[PDB]
Structures are given as C-alpha cells and as structure tokens.
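Okay, structure first, notes after.
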Amino acid sequence: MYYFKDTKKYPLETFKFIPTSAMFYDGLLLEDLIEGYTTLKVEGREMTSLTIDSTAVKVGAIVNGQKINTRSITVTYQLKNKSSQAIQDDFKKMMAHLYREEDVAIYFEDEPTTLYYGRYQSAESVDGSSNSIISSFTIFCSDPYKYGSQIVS
Amino acid sequence: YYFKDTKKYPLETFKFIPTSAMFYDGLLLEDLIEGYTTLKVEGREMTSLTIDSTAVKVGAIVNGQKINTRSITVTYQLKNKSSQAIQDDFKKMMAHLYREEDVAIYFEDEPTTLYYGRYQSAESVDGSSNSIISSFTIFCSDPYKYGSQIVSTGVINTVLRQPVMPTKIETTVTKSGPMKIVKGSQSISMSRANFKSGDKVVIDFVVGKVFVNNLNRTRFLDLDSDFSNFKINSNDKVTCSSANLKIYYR
Amino acid sequence: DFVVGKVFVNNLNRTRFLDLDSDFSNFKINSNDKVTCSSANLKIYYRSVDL
Amino acid sequence: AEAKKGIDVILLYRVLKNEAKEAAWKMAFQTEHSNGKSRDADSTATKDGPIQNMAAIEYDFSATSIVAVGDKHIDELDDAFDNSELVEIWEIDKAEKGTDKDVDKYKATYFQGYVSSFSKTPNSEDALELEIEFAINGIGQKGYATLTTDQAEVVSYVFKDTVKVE
Amino acid sequence: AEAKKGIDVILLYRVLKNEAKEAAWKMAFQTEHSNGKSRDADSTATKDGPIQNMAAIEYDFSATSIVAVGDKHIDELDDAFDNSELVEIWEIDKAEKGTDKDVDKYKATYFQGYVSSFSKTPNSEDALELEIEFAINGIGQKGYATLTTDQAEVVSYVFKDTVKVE
C-alpha cells in the first residue's frame, strides 16, 4: 500500500504496488500489460472434495467406488480508466490474452514453489454504466493436483 | 479461563483441549497444527428410517423397512499470522484427512464408543483473511455405534439394548465325531463331518465361511442350519458337547 | 515413459517387449525407497504431489 | 444500612503475553464503565402455558476515561488492537474485604477478550475523551484480588508553616 | 497527572499528485473532527462458551470547519471530489514531542483515501460551516511529522506607546 512520509516535499519516485495474490498466467503478469488492472483476492484453491458412489441396503449402504473432483478458481479484479473509449480496448486486450486452447502453467505469489494447470473458462457480467468495474472470471483446472520442483535421483 | 491474581505469574500454561475432540485414524488434529481448534460436532444423535408402502383404498400397506446412513459435520477454526504458512497448514490437514478405506473415529465426550467413516467433502473457504471458520463432512456408511469387546465362554453376562450378531466363535474339538451348536430353538449343525481330537473349528460370521485348520470347509455345513438368523441376547446360553466355545461380540 | 504409456528404445516404440504380468502404471515410489537395476544406470524424474 | 457508592469500582488491564514480566496496571482518570449480562429466552406455547428455554450468556462491555499526558499504556492498547492480541480485565470492588485467608484482598472478577473499538472526538472547548469496547470469550471467573498501596489512595497536602523552606 | 486538551489535535491535507511541488497545508478555522476504528466480531457458541473471531478494520472519518474568505484550498478539495483523486491526511498531536532523533517533530498518523461527502447549509443568521467525510484505503501508519513555525503559534498584539506613529 503506502508507507509513512513527512510533511515536506518528496523528491523521489514510487512504483506500482504488487498485491499479494498476483497470478502468472502463461508467464505474464496482467498488472504489467494493463496499467489499471489490479487483483483483489483469489478463492477456491484451498480445500478439496471427493465423490462417493453407494447403493442402499437393509442396514445402510455399500461403497463401490471413489473419485476426485475437479477444481474451479475464481479471481476478483478491478479495472479503472478515465476515458470511455480506452476501457473497451483494455477489455479487448485482456480477453485476447486470456483466451487459450490448451492447458498452461499458473503461478501464484503467495505460494512460491507450487505449479498449477488450468485454462480460462468463463467471465461474470460487468457493469455497463461506469468506468470502474469490479467482477470476476473462472479458471477450470481439470487436474486437481499441486506439483513441486523437479528432482533427479 | 482460570482465576489469577494481579501479581506476576511464574508458571507455564498449556493448550486447551475442547470438550468434543476427534481422533481420526488414531491421531489428534490439535497436536499436528498449532492454530487448529474444534468448535462443535453435529449429527450423531438420532437416526431416521425409510419405509416403503403402497396406496390402497383405506390407507397403505407396509412391506419393507430400511435404516438411513449417517453424516457427521465438524466445525473448526484455523488461525495464523503469515499469508504463506496457512497454505502449508491446509496441505498438512488434507494430507492427514484423505483416506482410501474406512477408519476408526473416537470422540472425547463418548469415551466408550467406536465409529466408522471417512472424509467426504468440505465447504468453501474464505480467501480474504487469516482467521477462517468453515466445516467439512464425514460420511458414515455404518450407522451403528459399537463398544468394547467382550469374550464369554457360553454364557452372556452383559446388558444389551438390542439383540446382536456375534462376530465369530472359535472352538477346540475334544471328543471325536460330529458337531452341533445348540441355542434356544436355534442350532448350527455339521452332521456329516468327522472331527479328530484337537481340531480348531472357527465359524466366521462376517464373511460366511467355516474355517477348519485354516482351510475353507463350508461344505460340511447342513443347509437347514440357522447361519444368518443367529442373534444372541442377554442371559442366553450357548452350549456344545464336543468342544469348548469362545464368543466375540460387542 | 509413464505419462504417455510407451517404452522407447533408441527413439523407436518397442512396447511389445513387456511381459503380460508386469506392473507399469502401478509403479509408485515413496521416501527412503531403493530402486536398482542390474543392467543399466538409472535416472529418475519425479515431482512431489500435494492434494 | 448503607448505600453503595459507584466510585469504589475500578478496572485493571494487562496484555496476555506479558504475564510473566509485569503486574496489572491501572488506567488513570476513569469516569464510568458498563457491565451487562443477558440470556436469550425462547418461548414455546403449550396448552398449559408458555415454557421457557434458555440459551448461552452474552457479555456487553464498555469503558470511558480521559486521556492523560505522558501515559504510555494507551499506546499498548492501540498496539494490541492493531495486532489483535488477547487482553486481561479485572473488575475490583473496593467496598468488600476478605475475612479469613485473604486479609488484604478485595472481591473481583476475571475476564479475557479482544479489543473491538477505539474512538476519540477532540473538540475545541473540552478535554480529550476515550471510549473502548471489548469482545469476551468464555465465562468470567470469581475470586479475590490484590491492590497495591499507590492505586488505592488519593493524594492531598497537609499543614505547612510560614517560614522559608531550606 | 494532567488532562490533555482537545485543542492540541489538528489536521493537514495534500493532494497526492502534487507531492513533488508543495508541502502539506493547514485548513483554516477548524472546530472538531471524529476518528474511530472498529472490528466486526462473529460469535460462535460451543459447549464451553462463546468463541470470538475478528475481521478487518473499518474507518469512520469526518471533519468540520468554518469557511474563510479568499481561501483557494476549498476549491482544490472540491475539484478533487469532482475528479475522484486521492488525498493525503495527517493527524498531528501538538502535546507530544520526540527526544532523541526527532527533536522538533510531533507524533502523527498518515492516511490515504478519497472524498465521499461535501455539504454546506447557509442560513440567514449564522456563519457558514463545511462538513467533509472520507473513505480510507489500507491501514494507517504511525510516525513523527514536522510542523513549521507559523502553523503552531497564535497571533496577538503587543504593548505600544501613545505617540504618533512615524
């Protein structure tokens, strides 16, 4: 965010603030491509659920299989601009960058040694009457594993 | 809490174990993570049924009955100070909880019961804080609450709220000839078998086989015996003339 | 190769050599385990999996 | 009998992690504080009349004082609020004394909790005022507490003569 | 053992985009302002007692002053509100001083945020007042700030003689 400053003139320069839960999509930060983009929070990469198949019997049920479900990650952002024409170009650039046809590598900042596989799936409806928008988009990971660094033995 | 004076306290205080703690597969989750605490556990009190019926002119006719399974909900609280160690905490917790078969679950407020179940699913976890409250669900396909094991040599000397099925009955053959286990109006007979002295005949009920000297010898059992209807009750006597009996049940 | 399911010999597919009763996709490694071969020199690539 | 004055009830604070270094301190210039307890009563109507089912206890706590110059404990409370640490609270009554095994002790009550409010409104014609609210875990415990000599008396002057002080 | 007067708390402002051109200035004719903090606590009831969980910080800020004649800073605040620009805020206390490394500085606090209210009600028999409200980003930071010589003293008049001024 910001740090304490005196009441005098400040002659130095301050650079952009990188949030904690930034995302590397295909090796590029979205904060670098667009100057108004900011990632707020990432939810859905913490806990995992299973699926159990069973049939009813007289004194309960019999379990005959298990499966591991996929994962969906929802990322909330904020896009800000002053001109009405340029925000459409910003959205065009963002959509052209996010759209992919195969899996890619996904890196998060708060986990420096974890690797994800996923792709862009869908986006939420955005507001059409303002120049500051808060919304989210969904990433569909078909492999619910978190990998680590490669070791040779 | 415990009352303390306004003077300096020179002793050391340890962590607080809540009233309803859970031993999952023989381990306590409070001893693995330093920011974990169990709040409350729900759904282990009553059971429901499922009755099948067909509609008729003046009501309905009941033909079958079943017992529903059980689902247990556990609520916890995970707390930490850094944005990076909480991920390792979650990874540890999932490494411990995920299992492939059934396990044994113990609760602190019920020190004489045993449970069977496994982890099923979890609720969504908030992603904008370091103090998190959520829950997960355990799926129990066996809705019975068992107890300690009792070994009795032919006479039941305990109190049972419901008739139960013994797990297995080991015998040691003394006399030579056939075998017949007799109970009130119920019996299990092997009338075409010749047993020498010292054979170990084990009647296993959970699988449905009769083991003789560690071999499958179910072929000796008559077809008119009560092999699935054999249930014992309090103050009941099981006697056999050709061997000495041992009974395992809960 | 385990991800694809083939055995390569000098950049050629020769999967037919395996026995009908050998374990191919059931080969799982654990900590402090030893893997030995009497004919070649081994190199193993793996990644730690956390669920 | 005799009425009981409200000026005989005071409060003491101490941050939990410093319980092995210091004794509890008294915040200066206290004006009033409020302590309340309540239960939620759920009523079910039957053919005989209402039947009440009671719930757990909820605590409502607040405090008020005047900020003094050079007092460092307000900084401690502010830091505890910022970092979200546990705080201990003692409610001591000066009108009750112990008899047999507690001769120099007063009746008191013990609490622990967090800090959930910190406000101050400075105007152009009054003195600075501070208001604090707490959120309390568990159930408060009862016992007897110790008050030091300097925290239980008020200072005043005595007779003086009419000569130059040497 | 002296109370702290409410007059010794003042506020300073500055627009963020002019951080390299001008120093922070002081609003004229300040009357009062409100500064509050709070956390929202969620109570979970167990068999041993309630367990409280804490949330993030919420800031409530406001200020009130009297409009002066020929002041150009009110126009700056109005333009900042119209164009939705960031503003810096200082809350300096005049009764606290530093000893070792902060010799001529006062204890203060630093915030950044927008403007979300701008009201004035001119009647026919009173002076004109202004009320402002703020929305604060992030968490406030603590430090020591510098006050210049003309922002900390009040003008008076000095004794004169009865002879014609030359």
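Convention: chains lettered A, B, ... in structure tokens order; per-chain residue numbering from 1; ligands numbered from 1 as shown.
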Extract, using only C-alpha atoms, all DNA, RNA and protein residues at most 12 Å from residue 79 in chain D, discarding same-chain residues fewer than 5 positions from it, and format them as a PDB file with C-alpha atoms, in the first residue's frame.
```pdb
ATOM      1  CA  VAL D  15      -1.725  -7.778  27.826  1.00  0.00           C
ATOM      2  CA  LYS D  72       2.255   5.096  27.679  1.00  0.00           C
ATOM      3  CA  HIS D  73      -0.422   2.447  28.295  1.00  0.00           C
ATOM      4  CA  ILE D  74      -2.776   3.893  25.668  1.00  0.00           C
ATOM      5  CA  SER D  84      -5.290  -8.486  17.601  1.00  0.00           C
ATOM      6  CA  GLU D  85      -3.889  -9.925  20.828  1.00  0.00           C
ATOM      7  CA  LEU D  86      -5.636 -11.061  23.991  1.00  0.00           C
ATOM      8  CA  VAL D  87      -6.214  -8.648  26.876  1.00  0.00           C
ATOM      9  CA  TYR D 114     -10.099  -8.739  22.387  1.00  0.00           C
ATOM     10  CA  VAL D 115     -10.470  -5.041  21.560  1.00  0.00           C
ATOM     11  CA  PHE D 118     -11.177   2.658  19.734  1.00  0.00           C
TER      12      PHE D 118
ATOM     13  CA  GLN E 141       0.768   4.226   9.504  1.00  0.00           C
ATOM     14  CA  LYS E 142       2.456   5.798  12.523  1.00  0.00           C
TER      15      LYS E 142
END
```
Quiz prompt | Secondary structure check, helix (DSSP H, G or I) residues of range 23-127 of chain D, as a PyMOL selection string | solution = chain D and resi 73-83
Quiz item: Could you pull the residues within 10 Å of range 16-23 of chain C, counting only C-alpha atoms, minus those fewer than 3 positions along the same chain, as a ChimeraX atom specification?
Solution: /C:6-7,13,26-27
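Here the question is which of A:6, A:85, A:60, A:124 gets nearest to residue 143 in chain E using only C-alpha atoms, and that residue is A:6.
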Quiz item: For chain A, which residues have at least one atom within 9 Å of chain B, if we go by only C-alpha atoms? Write them as a VMD selection string, please.
Solution: chain A and resid 20 40 to 52 54 56 to 63 66 110 to 112
With C-alpha atoms retained, could you export that selection as a PDB file, in the first residue's frame?
```pdb
ATOM      1  CA  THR A  20      -0.123 -10.453  -2.504  1.00  0.00           C
ATOM      2  CA  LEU A  40      -8.009  -8.276  -5.238  1.00  0.00           C
ATOM      3  CA  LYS A  41      -8.407 -11.841  -3.961  1.00  0.00           C
ATOM      4  CA  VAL A  42      -8.251 -15.440  -5.182  1.00  0.00           C
ATOM      5  CA  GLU A  43     -10.590 -18.063  -3.732  1.00  0.00           C
ATOM      6  CA  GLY A  44     -11.087 -21.770  -4.306  1.00  0.00           C
ATOM      7  CA  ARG A  45      -7.548 -23.209  -4.214  1.00  0.00           C
ATOM      8  CA  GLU A  46      -7.540 -24.275  -0.546  1.00  0.00           C
ATOM      9  CA  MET A  47      -9.658 -27.368   0.054  1.00  0.00           C
ATOM     10  CA  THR A  48     -10.642 -30.461  -1.941  1.00  0.00           C
ATOM     11  CA  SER A  49     -13.824 -32.566  -2.060  1.00  0.00           C
ATOM     12  CA  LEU A  50     -14.472 -36.169  -3.092  1.00  0.00           C
ATOM     13  CA  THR A  51     -17.312 -38.137  -4.673  1.00  0.00           C
ATOM     14  CA  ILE A  52     -18.550 -41.474  -3.308  1.00  0.00           C
ATOM     15  CA  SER A  54     -23.129 -46.185  -2.951  1.00  0.00           C
ATOM     16  CA  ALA A  56     -28.900 -48.682  -0.278  1.00  0.00           C
ATOM     17  CA  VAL A  57     -29.245 -51.940   1.664  1.00  0.00           C
ATOM     18  CA  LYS A  58     -31.149 -53.052   4.760  1.00  0.00           C
ATOM     19  CA  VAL A  59     -28.598 -51.844   7.332  1.00  0.00           C
ATOM     20  CA  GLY A  60     -27.020 -48.952   5.456  1.00  0.00           C
ATOM     21  CA  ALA A  61     -25.128 -48.752   2.170  1.00  0.00           C
ATOM     22  CA  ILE A  62     -22.281 -50.426   0.287  1.00  0.00           C
ATOM     23  CA  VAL A  63     -19.480 -48.268  -1.115  1.00  0.00           C
ATOM     24  CA  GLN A  66     -14.447 -43.161  -5.194  1.00  0.00           C
ATOM     25  CA  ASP A 110       1.850 -16.441  -2.003  1.00  0.00           C
ATOM     26  CA  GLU A 111       2.936 -19.994  -2.933  1.00  0.00           C
ATOM     27  CA  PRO A 112       6.403 -19.615  -4.487  1.00  0.00           C
TER      28      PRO A 112
END
```
Quiz prompt | Polymer residues at most 8 Å from residue 54 in chain E, only C-alpha atoms, same-chain spacing of 5 or more positions, as a PyMOL selection string | solution = (chain B and resi 131) or (chain D and resi 84) or (chain E and resi 39-42)
Self-check item: chain D contacts on chain B, only C-alpha atoms, 12 Å, as a list in words
Solution: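 Residues passing the distance filter: residues 1, 2, 3, 4, 5, 6, 7, 8, 9, 10, 11, 12, 13, 79, 80, 81, 130 and 131 of chain B.
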